[PDB]
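Single-structure report; data block below.
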There are 2 protein chains.
Amino acid sequence: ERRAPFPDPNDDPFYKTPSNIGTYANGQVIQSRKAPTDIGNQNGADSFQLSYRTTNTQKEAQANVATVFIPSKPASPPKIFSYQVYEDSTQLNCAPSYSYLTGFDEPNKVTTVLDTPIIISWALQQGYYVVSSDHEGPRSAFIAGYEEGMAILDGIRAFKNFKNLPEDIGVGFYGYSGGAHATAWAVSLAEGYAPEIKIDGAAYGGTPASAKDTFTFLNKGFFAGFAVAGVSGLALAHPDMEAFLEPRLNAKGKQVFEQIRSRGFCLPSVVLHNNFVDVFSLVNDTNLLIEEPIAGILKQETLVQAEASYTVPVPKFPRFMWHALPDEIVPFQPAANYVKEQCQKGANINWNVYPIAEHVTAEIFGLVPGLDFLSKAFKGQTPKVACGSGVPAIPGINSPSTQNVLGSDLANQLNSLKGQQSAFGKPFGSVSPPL
Amino acid sequence: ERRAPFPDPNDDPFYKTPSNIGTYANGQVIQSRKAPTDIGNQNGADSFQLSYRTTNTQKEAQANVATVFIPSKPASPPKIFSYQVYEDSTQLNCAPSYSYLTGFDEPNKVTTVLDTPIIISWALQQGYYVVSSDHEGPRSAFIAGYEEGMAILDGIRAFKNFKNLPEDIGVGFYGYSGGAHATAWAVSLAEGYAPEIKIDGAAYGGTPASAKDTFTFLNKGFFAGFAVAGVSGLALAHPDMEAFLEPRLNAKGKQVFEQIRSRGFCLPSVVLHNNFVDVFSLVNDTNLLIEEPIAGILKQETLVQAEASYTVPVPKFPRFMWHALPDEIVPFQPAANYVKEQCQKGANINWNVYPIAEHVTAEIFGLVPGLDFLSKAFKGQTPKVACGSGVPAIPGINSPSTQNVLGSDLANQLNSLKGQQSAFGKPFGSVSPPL
Ligand SMILES: *[C@@H]1O[C@H](CO)[C@@H](O)[C@H](O)[C@H]1NC(C)=O
Ligand SMILES: *[C@@H]1O[C@H](CO)[C@@H](O)[C@H](O)[C@H]1NC(C)=O
């Protein structure tokens, strides 16, 4: 029954990059302001907006905004929770920060309204400082991982200088669909860009490791419009790719793209549009991708080391990744292949694969677990798992009890075998592996 | 305080193959006898011995024995449980049937005494008819999968004709270490050899898919003696390989092998002997394996389709496989590679990987689960899992509860989102995936 508390981001100057941006240090806040949030209200938690220097893909000084929350009573020691919204849109109004603002009118508000309140409540009901950040930035480039990763790390650095937090503060990433993508890239970059950010863990699911693989799955699909949003975001991130594209737009394609960059064309829009359309149709040249610079930009826009024209980095810290096996929107496979690649390079990836789930459904399944996990990681207690797997069936911890299964006697007999010499010369164990 | 109730198997005629064996049908019992069993006693369950025609590797008519149990009160409908002992020995006294017999003296009795009572009790405390079978057979060939698989299927067919059971009776395999190997081969063969044996499921763990890979891991190891037992068993199974080997035995190797085929040289023996010895030392020719016929026999003695000089078959029915990741005795890797191979050919393999476990310890861990599972499979209720994975974190079913994680409110809010339109145009799901 109330309306937007703020000027639209294009109009608001806060969002505009300053002429002093080059002078401003990375992860340094140019300015800030209080900021009214439905979520921030539900949790009594002061919400703010931080206009902070960052870096774009071309390694250029640009400003950017994040939305931070401060729980009424912080955990000791202090912990930082980072949530990446699946904005999946190429326009500024679609920014998560605008979405966090109150009232029906904001376009991307729906993405914040569903799962996000539940999550950032919990993250605050546990005394973690929250940050969410406009991961596409002024460019508003969807699926542009390098740009998304730098901004999120800069936002945590900004969050830290704004609340004078401890550089050792342990941070906790979260994401799904496009937020997983933005996450997945922020960790991959985190070591190179922001080493001073301790990370107790990070959960994320429904993640597209490769933009090119995702686009191919999306193209000629109901979700093809997301691929058009993808192409447009990548083009905003890579301006030599824009130079390529602009001329090749047939009269249709010129309007497809100025529509998907138009005001109010956010996630809800982007889902209903360009359904079943071949992206290739809008471009004059059918191959499009093979011609440079998109092919080799796509070579850098992937975390799958098979395609990558660079050496994909490998997050060691304990991670938690899920994916609907039949993920009708984000290809399950390149996800698996990142995880596997990353497991032979030695990562701590509790991988959960839902066999009977959609993109939409699986967001909810591994929500509880991903947060349960995210709790433990902060306590330094991430259940120790074979990489690429989950916890295996441990009676009483995650499978039936030794007594419910065998009965009391047989379970007592099994509980005796402890310490006794196996048929192989070694002690037998306990039925519960080590915790 | 009592002694062996039976003549040693070499001496006992029951074990000897008849001259009428060719006339006898496969899985047809030549004869039988009551048979005293510690396990059979503990469970009030009548135990018998079945001398039954089967087939060896060279596709020849040979007799063989199995030990069957009949629970005091069978399940309705009737179900058959098959357990494969890890005899890991090349001598007849080492037979599981001799081990099942009462008294301290039998050599392989220890393998039956540890986990086996617990298991075959449970299998009987649940009203399943039990069969365990001398899977190495008269040849007593350890690690000879084709021979082991045919005998186990023949034993189930024999078990069935002996208790006039229903051909549709649903059978349930179990094994670990060498029993897993014998199992793993009995399923692989089951479709080709015994189609009429319905299988509601099969669990097994610590499984060596490839004899050659296992031997290499074993060689120059404390467990190298098992590799010598392996070579000797393969040689008994493949007599052109014996022809090869006999001459190449240096004076040491002649005595190593007649020792590992000597009476009373069973699993406990085989573990303490030939430790850290290079098998290659005993043979005159260092390569040994590369020269035919061992190389190409090893080409058939593997379930890993990469090596196999044949098209490895793929068990569809719901299976349950585990393996200690650091399995100091059985190489974890060829196990993984079977499972993965078998998952792209479309199998139902709930794969459990223990990250902090030994061969000896992991036998106990996935004992309860493997049986819990084995229960469900009989009820037709094997938890539906992404192949190569386990169940993924499902609150309240195998992970913390939606309320314990988020609290009551946040969990109620999550429980409302059901049926409501996601940010993608589709209903949200429930937090518990489908059961
Ligand atoms: C599309 O137009 C651009 C304009 O420079 C041209 O270079 C390109 O080759 C055209 N593609 C085709 C297939 O005609
Ligand atoms: C070992 O002895 C056999 C006996 O026939 C012979 O053929 C073989 O080549 C010998 N190997 C070596 C390395 O001398």
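In the structure tokens, the first chain shown is A, the next is B, and so on; residue numbers restart at 1 for each chain, and ligands run from 1 in the order shown.
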
Practice item. Please extract the residues at most 10 Å from ligand 1, counting only C-alpha atoms and all ligand atoms, and provide them as a list in words, using the chain letters and residue numbers of this document. Key: residues 243, 244, 245, 246, 247, 248, 249, 250, 283, 284, 285, 286, 287, 288 and 291 of chain A

**Study point:** Residue neighbourhood residue 33 in chain B, 10 Å, only C-alpha atoms, exclusion window fewer than 5 positions, as JSON, numbers by chain
**Key:** {"B": [14, 47, 48, 49, 50, 51, 67]}

Keeping only N, CA and C atoms, write the selected residues as a PDB file, in the first residue's frame.
```
ATOM      1  N   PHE B  14      31.821 -85.596  -0.556  1.00  0.00           N
ATOM      2  CA  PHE B  14      30.761 -84.635  -0.960  1.00  0.00           C
ATOM      3  C   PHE B  14      31.364 -83.573  -1.850  1.00  0.00           C
ATOM      4  N   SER B  47      20.559 -75.423   9.216  1.00  0.00           N
ATOM      5  CA  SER B  47      21.622 -75.186   8.251  1.00  0.00           C
ATOM      6  C   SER B  47      21.934 -76.465   7.512  1.00  0.00           C
ATOM      7  N   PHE B  48      22.158 -76.339   6.214  1.00  0.00           N
ATOM      8  CA  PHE B  48      22.406 -77.483   5.351  1.00  0.00           C
ATOM      9  C   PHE B  48      23.593 -77.239   4.425  1.00  0.00           C
ATOM     10  N   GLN B  49      24.011 -78.293   3.738  1.00  0.00           N
ATOM     11  CA  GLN B  49      25.078 -78.208   2.755  1.00  0.00           C
ATOM     12  C   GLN B  49      24.591 -78.827   1.456  1.00  0.00           C
ATOM     13  N   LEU B  50      24.838 -78.144   0.346  1.00  0.00           N
ATOM     14  CA  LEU B  50      24.261 -78.552  -0.925  1.00  0.00           C
ATOM     15  C   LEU B  50      25.394 -78.776  -1.906  1.00  0.00           C
ATOM     16  N   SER B  51      25.557 -80.011  -2.341  1.00  0.00           N
ATOM     17  CA  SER B  51      26.532 -80.337  -3.368  1.00  0.00           C
ATOM     18  C   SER B  51      25.801 -80.263  -4.707  1.00  0.00           C
ATOM     19  N   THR B  67      26.402 -73.483   1.674  1.00  0.00           N
ATOM     20  CA  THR B  67      25.752 -73.530   2.982  1.00  0.00           C
ATOM     21  C   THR B  67      24.476 -72.687   2.954  1.00  0.00           C
TER      22      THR B  67
END
```

Check your understanding: Taking only C-alpha atoms into account, which residues of chain A are within 7 Å of chain B, as a VMD selection string?
Key -> chain A and resid 110 to 111 118 122 268 271 352 to 355 360 to 361 364 to 366 368 to 369 372 385 to 386 389 392 to 395 398 to 399 402 405 to 406 410 413 to 414 422 to 424 426 428 to 433

Exercise for review: Please identify all polymer residues within 10 Å of residue 78 in chain B, counting only C-alpha atoms, omitting same-chain residues fewer than 4 positions from it, and present them as a ChimeraX atom specification.
Suggested key: /B:74,127-129,165-166,168-171,378

For residue 316 in chain B, list every protein, DNA or RNA residue within 8 Å, evaluated using only C-alpha atoms, and leave out those in the same chain fewer than 2 positions away; present the list as a PDB file with C-alpha atoms, in the first residue's frame.
```
ATOM      1  CA  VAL B 314      25.567 -53.222 -16.441  1.00  0.00           C
ATOM      2  CA  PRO B 318      19.030 -50.839  -7.245  1.00  0.00           C
ATOM      3  CA  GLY B 346      22.363 -46.422 -16.610  1.00  0.00           C
ATOM      4  CA  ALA B 347      22.496 -48.247 -13.233  1.00  0.00           C
ATOM      5  CA  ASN B 348      20.956 -47.651  -9.799  1.00  0.00           C
TER       6      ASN B 348
END
```

Point to revise | Of the listed residues A:153, A:172, A:383, A:242, that which approaches residue 195 in chain A most closely, counting only C-alpha atoms | key: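 For residue 195 in chain A, the nearest of the given residues is A:153.
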
Check your understanding: Counting only C-alpha atoms and all ligand atoms, which of B:282, B:30, B:80, B:66 gets nearest to ligand 2?
Key ->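 Looking only at the distances to ligand 2, the closest residue turns out to be B:282.
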
If you run DSSP on this backbone, which residues of range 201-269 of chain B come out as helix (DSSP H, G or I), and could you give them as a short mmCIF file (atom, residue, chain, number, x, y, z; two decimals) with C-alpha atoms, in the first residue's frame?
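The resulting file, out_39.cif, is shown below:
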```
data_model
loop_
_atom_site.label_atom_id
_atom_site.label_comp_id
_atom_site.auth_asym_id
_atom_site.auth_seq_id
_atom_site.Cartn_x
_atom_site.Cartn_y
_atom_site.Cartn_z
CA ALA B 211 42.40 -57.89 -10.63
CA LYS B 212 45.38 -56.31 -12.43
CA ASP B 213 44.90 -52.89 -10.76
CA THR B 214 44.43 -54.56 -7.36
CA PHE B 215 47.57 -56.66 -7.86
CA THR B 216 49.64 -53.60 -8.71
CA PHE B 217 48.43 -51.78 -5.58
CA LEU B 218 49.04 -54.94 -3.49
CA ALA B 224 51.28 -58.26 -1.37
CA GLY B 225 50.63 -61.81 -0.08
CA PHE B 226 46.97 -61.29 -1.10
CA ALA B 227 48.27 -60.49 -4.62
CA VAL B 228 50.21 -63.81 -4.57
CA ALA B 229 46.92 -65.46 -3.47
CA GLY B 230 45.28 -63.57 -6.29
CA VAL B 231 47.76 -64.78 -8.92
CA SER B 232 47.44 -68.35 -7.59
CA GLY B 233 43.62 -68.22 -7.73
CA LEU B 234 43.64 -66.76 -11.25
CA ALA B 235 46.09 -69.53 -12.26
CA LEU B 236 43.76 -72.21 -10.82
CA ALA B 237 40.84 -70.61 -12.77
CA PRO B 239 45.01 -73.46 -16.62
CA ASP B 240 46.79 -72.10 -19.68
CA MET B 241 47.99 -69.51 -17.20
CA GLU B 242 49.15 -72.29 -14.90
CA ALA B 243 51.02 -73.85 -17.85
CA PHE B 244 52.71 -70.46 -18.29
CA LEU B 245 53.60 -70.01 -14.67
CA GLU B 246 54.94 -73.37 -13.31
CA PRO B 247 58.20 -73.24 -15.32
CA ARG B 248 58.97 -69.63 -14.49
CA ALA B 251 63.12 -72.09 -6.43
CA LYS B 252 61.61 -69.54 -4.05
CA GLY B 253 58.44 -69.11 -6.10
CA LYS B 254 57.82 -72.84 -6.29
CA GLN B 255 57.58 -72.87 -2.50
CA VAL B 256 55.70 -69.59 -2.17
CA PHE B 257 52.93 -71.01 -4.32
CA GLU B 258 52.80 -74.53 -2.93
CA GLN B 259 52.65 -72.82 0.48
CA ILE B 260 49.70 -70.60 -0.45
CA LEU B 267 43.03 -65.79 5.13
CA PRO B 268 44.82 -65.37 8.50
CA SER B 269 47.89 -67.03 7.03
#
```

Check your understanding: Can you list, as a ChimeraX atom specification, every protein, DNA or RNA residue that comes within 7 Å of residue 335 in chain A when you count only C-alpha atoms, leaving out same-chain residues fewer than 5 positions away?
Key -> /A:207-209

Keeping only N, CA and C atoms, write the selected residues to a file as a compact mmCIF listing (two decimals), in the first residue's frame.
```
# COMPACT_ATOMS: atom_id res chain seq x y z
N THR A 207 24.36 -23.90 -10.32
CA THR A 207 25.41 -22.95 -10.75
C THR A 207 25.80 -23.21 -12.18
N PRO A 208 25.84 -22.19 -13.06
CA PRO A 208 26.34 -22.43 -14.41
C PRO A 208 27.82 -22.09 -14.46
N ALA A 209 28.65 -23.13 -14.55
CA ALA A 209 30.11 -22.92 -14.65
C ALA A 209 30.49 -22.20 -15.94
```

If you run DSSP on the backbone, which residues of range 105-339 of chain A are strand (DSSP E or B), as a short mmCIF file (atom, residue, chain, number, x, y, z; two decimals) with N, CA, C and O atoms, in the first residue's frame?
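Wrote out13.cif, looks like this:
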```cif
data_model
loop_
_atom_site.label_atom_id
_atom_site.label_comp_id
_atom_site.auth_asym_id
_atom_site.auth_seq_id
_atom_site.Cartn_x
_atom_site.Cartn_y
_atom_site.Cartn_z
N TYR A 129 26.41 -10.27 10.34
CA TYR A 129 26.27 -9.09 9.48
C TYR A 129 26.00 -9.55 8.06
O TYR A 129 26.72 -10.42 7.55
N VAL A 130 25.00 -8.98 7.40
CA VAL A 130 24.68 -9.40 6.04
C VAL A 130 25.21 -8.36 5.07
O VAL A 130 25.20 -7.16 5.37
N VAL A 131 25.69 -8.80 3.91
CA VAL A 131 25.87 -7.92 2.76
C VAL A 131 25.32 -8.64 1.54
O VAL A 131 25.54 -9.84 1.36
N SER A 132 24.58 -7.91 0.72
CA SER A 132 24.21 -8.32 -0.63
C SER A 132 24.65 -7.19 -1.53
O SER A 132 24.63 -6.03 -1.12
N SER A 133 25.06 -7.51 -2.74
CA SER A 133 25.71 -6.48 -3.53
C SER A 133 25.18 -6.56 -4.96
O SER A 133 24.89 -7.65 -5.47
N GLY A 170 35.43 -13.72 9.36
CA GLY A 170 35.19 -14.86 8.51
C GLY A 170 33.89 -14.68 7.76
O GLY A 170 32.84 -14.47 8.37
N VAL A 171 33.97 -14.79 6.44
CA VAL A 171 32.88 -14.45 5.54
C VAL A 171 32.20 -15.73 5.05
O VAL A 171 32.83 -16.79 4.98
N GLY A 172 30.91 -15.62 4.72
CA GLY A 172 30.12 -16.77 4.29
C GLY A 172 29.18 -16.58 3.10
O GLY A 172 28.05 -16.11 3.24
N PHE A 173 29.63 -17.00 1.93
CA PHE A 173 28.95 -16.78 0.66
C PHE A 173 27.73 -17.67 0.49
O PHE A 173 27.69 -18.79 0.97
N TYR A 174 26.74 -17.14 -0.22
CA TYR A 174 25.54 -17.88 -0.60
C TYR A 174 25.01 -17.40 -1.96
O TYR A 174 25.19 -16.23 -2.34
N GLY A 175 24.37 -18.31 -2.68
CA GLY A 175 23.81 -17.99 -3.99
C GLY A 175 23.06 -19.17 -4.58
O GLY A 175 23.25 -20.32 -4.18
N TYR A 176 22.19 -18.85 -5.55
CA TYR A 176 21.55 -19.86 -6.39
C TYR A 176 21.28 -19.22 -7.75
O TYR A 176 21.25 -17.98 -7.88
N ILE A 199 37.45 -16.77 4.72
CA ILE A 199 36.21 -17.40 4.29
C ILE A 199 36.08 -18.71 5.05
O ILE A 199 36.79 -19.68 4.76
N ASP A 200 35.18 -18.77 6.02
CA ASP A 200 34.94 -20.01 6.75
C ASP A 200 34.22 -21.05 5.90
O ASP A 200 34.17 -22.23 6.30
N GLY A 201 33.68 -20.66 4.75
CA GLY A 201 32.94 -21.56 3.89
C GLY A 201 32.09 -20.78 2.92
O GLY A 201 31.99 -19.56 2.98
N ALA A 202 31.45 -21.52 2.01
CA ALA A 202 30.53 -20.93 1.03
C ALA A 202 29.65 -22.02 0.43
O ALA A 202 30.14 -23.04 -0.04
N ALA A 203 28.34 -21.80 0.46
CA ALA A 203 27.37 -22.69 -0.15
C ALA A 203 26.78 -22.02 -1.39
O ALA A 203 26.66 -20.80 -1.43
N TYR A 204 26.45 -22.83 -2.41
CA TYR A 204 25.77 -22.31 -3.59
C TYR A 204 25.35 -23.45 -4.51
O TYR A 204 26.02 -24.47 -4.58
N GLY A 205 24.23 -23.26 -5.22
CA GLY A 205 23.63 -24.32 -6.01
C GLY A 205 22.98 -23.89 -7.31
O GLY A 205 22.81 -22.70 -7.59
N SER A 210 29.86 -22.58 -17.06
CA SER A 210 30.26 -22.00 -18.37
C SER A 210 29.11 -21.20 -18.97
O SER A 210 28.01 -21.77 -19.13
N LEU A 249 23.07 -6.88 -35.63
CA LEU A 249 21.67 -6.94 -35.23
C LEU A 249 20.76 -6.71 -36.42
O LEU A 249 20.72 -5.61 -36.97
N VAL A 283 21.28 -12.02 -34.68
CA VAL A 283 22.59 -11.68 -35.32
C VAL A 283 22.55 -12.02 -36.82
O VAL A 283 21.94 -13.05 -37.18
N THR A 302 34.28 -18.84 -18.21
CA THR A 302 33.95 -20.18 -17.76
C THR A 302 34.87 -20.53 -16.60
O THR A 302 36.03 -20.10 -16.57
N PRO A 318 35.90 -24.98 2.86
CA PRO A 318 34.86 -26.00 2.74
C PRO A 318 33.63 -25.44 2.03
O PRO A 318 33.03 -24.47 2.48
N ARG A 319 33.30 -26.03 0.90
CA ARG A 319 32.22 -25.51 0.08
C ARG A 319 31.09 -26.52 0.03
O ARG A 319 31.28 -27.69 0.37
N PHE A 320 29.92 -26.05 -0.39
CA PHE A 320 28.69 -26.85 -0.44
C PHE A 320 27.90 -26.49 -1.69
O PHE A 320 27.37 -25.38 -1.79
N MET A 321 27.79 -27.44 -2.62
CA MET A 321 27.23 -27.18 -3.93
C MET A 321 26.15 -28.20 -4.26
O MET A 321 26.32 -29.39 -4.00
N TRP A 322 25.03 -27.72 -4.78
CA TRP A 322 23.98 -28.62 -5.21
C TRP A 322 23.53 -28.20 -6.60
O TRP A 322 23.96 -27.17 -7.15
N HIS A 323 22.71 -29.07 -7.18
CA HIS A 323 22.21 -28.87 -8.52
C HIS A 323 21.15 -29.91 -8.83
O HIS A 323 21.36 -31.10 -8.64
N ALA A 324 19.97 -29.45 -9.24
CA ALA A 324 18.97 -30.36 -9.75
C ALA A 324 19.54 -31.08 -10.95
O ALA A 324 19.97 -30.44 -11.92
#
```

Review point. Which neighbours of range 185-187 of chain A fall inside 9 Å, counting only C-alpha atoms, when residues of the same chain fewer than 2 positions from it are skipped, and could you give them as a list in words?
Key: residues 145, 146, 147, 148, 149, 150, 151, 152, 153, 173, 180, 181, 182, 183, 189, 190, 191, 202, 209, 303, 313, 314 and 315 of chain A

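Reported to one decimal place, the separation of CA of residue 37 in chain A from CA of residue 265 in chain A is 21.8 Å.
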
Check your understanding: Which residue, A:28, A:311, A:10, A:275, has the smallest gap to residue 157 in chain A when you use only C-alpha atoms?
Key ->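 Closest residue, counting only C-alpha atoms: A:28.
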
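Among A:261, A:196, A:266, A:102, the residue with the shortest atom-to-atom distance to residue 1 in chain A, counting only C-alpha atoms, is A:102.
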
**Study point:** Within 8 Å of residue 299 in chain B using only C-alpha atoms, minus same-chain residues under 2 positions, as a PyMOL selection string
**Key:** chain B and resi 295-297+301-302+307-310

Generate a file of the selected residues that holds N, CA and C atoms, formatted as a PDB file, in the first residue's frame.
```
ATOM      1  N   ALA B 295      48.075 -61.479 -19.752  1.00  0.00           N
ATOM      2  CA  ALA B 295      47.665 -60.108 -20.136  1.00  0.00           C
ATOM      3  C   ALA B 295      46.217 -60.105 -20.600  1.00  0.00           C
ATOM      4  N   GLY B 296      45.851 -61.066 -21.444  1.00  0.00           N
ATOM      5  CA  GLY B 296      44.527 -61.050 -22.016  1.00  0.00           C
ATOM      6  C   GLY B 296      43.528 -61.741 -21.125  1.00  0.00           C
ATOM      7  N   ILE B 297      43.997 -62.609 -20.234  1.00  0.00           N
ATOM      8  CA  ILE B 297      43.115 -63.097 -19.183  1.00  0.00           C
ATOM      9  C   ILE B 297      42.770 -61.954 -18.236  1.00  0.00           C
ATOM     10  N   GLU B 301      39.517 -60.463 -16.838  1.00  0.00           N
ATOM     11  CA  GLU B 301      39.327 -60.399 -15.392  1.00  0.00           C
ATOM     12  C   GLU B 301      39.353 -58.944 -14.940  1.00  0.00           C
ATOM     13  N   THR B 302      38.285 -58.243 -15.308  1.00  0.00           N
ATOM     14  CA  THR B 302      38.023 -56.892 -14.839  1.00  0.00           C
ATOM     15  C   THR B 302      36.591 -56.536 -15.203  1.00  0.00           C
ATOM     16  N   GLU B 307      39.542 -51.398 -19.477  1.00  0.00           N
ATOM     17  CA  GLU B 307      40.479 -52.485 -19.728  1.00  0.00           C
ATOM     18  C   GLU B 307      39.842 -53.666 -20.429  1.00  0.00           C
ATOM     19  N   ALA B 308      38.542 -53.860 -20.258  1.00  0.00           N
ATOM     20  CA  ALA B 308      37.927 -55.152 -20.514  1.00  0.00           C
ATOM     21  C   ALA B 308      37.947 -55.503 -21.995  1.00  0.00           C
ATOM     22  N   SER B 309      38.454 -56.692 -22.323  1.00  0.00           N
ATOM     23  CA  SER B 309      38.474 -57.160 -23.706  1.00  0.00           C
ATOM     24  C   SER B 309      37.140 -57.797 -24.058  1.00  0.00           C
ATOM     25  N   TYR B 310      36.081 -57.255 -23.477  1.00  0.00           N
ATOM     26  CA  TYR B 310      34.715 -57.732 -23.613  1.00  0.00           C
ATOM     27  C   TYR B 310      33.831 -56.579 -23.176  1.00  0.00           C
TER      28      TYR B 310
END
```

**Study point:** For ligand 2, the nearest of the candidates B:42, B:419, B:23, B:281, counting only C-alpha atoms and all ligand atoms
**Key:** B:281
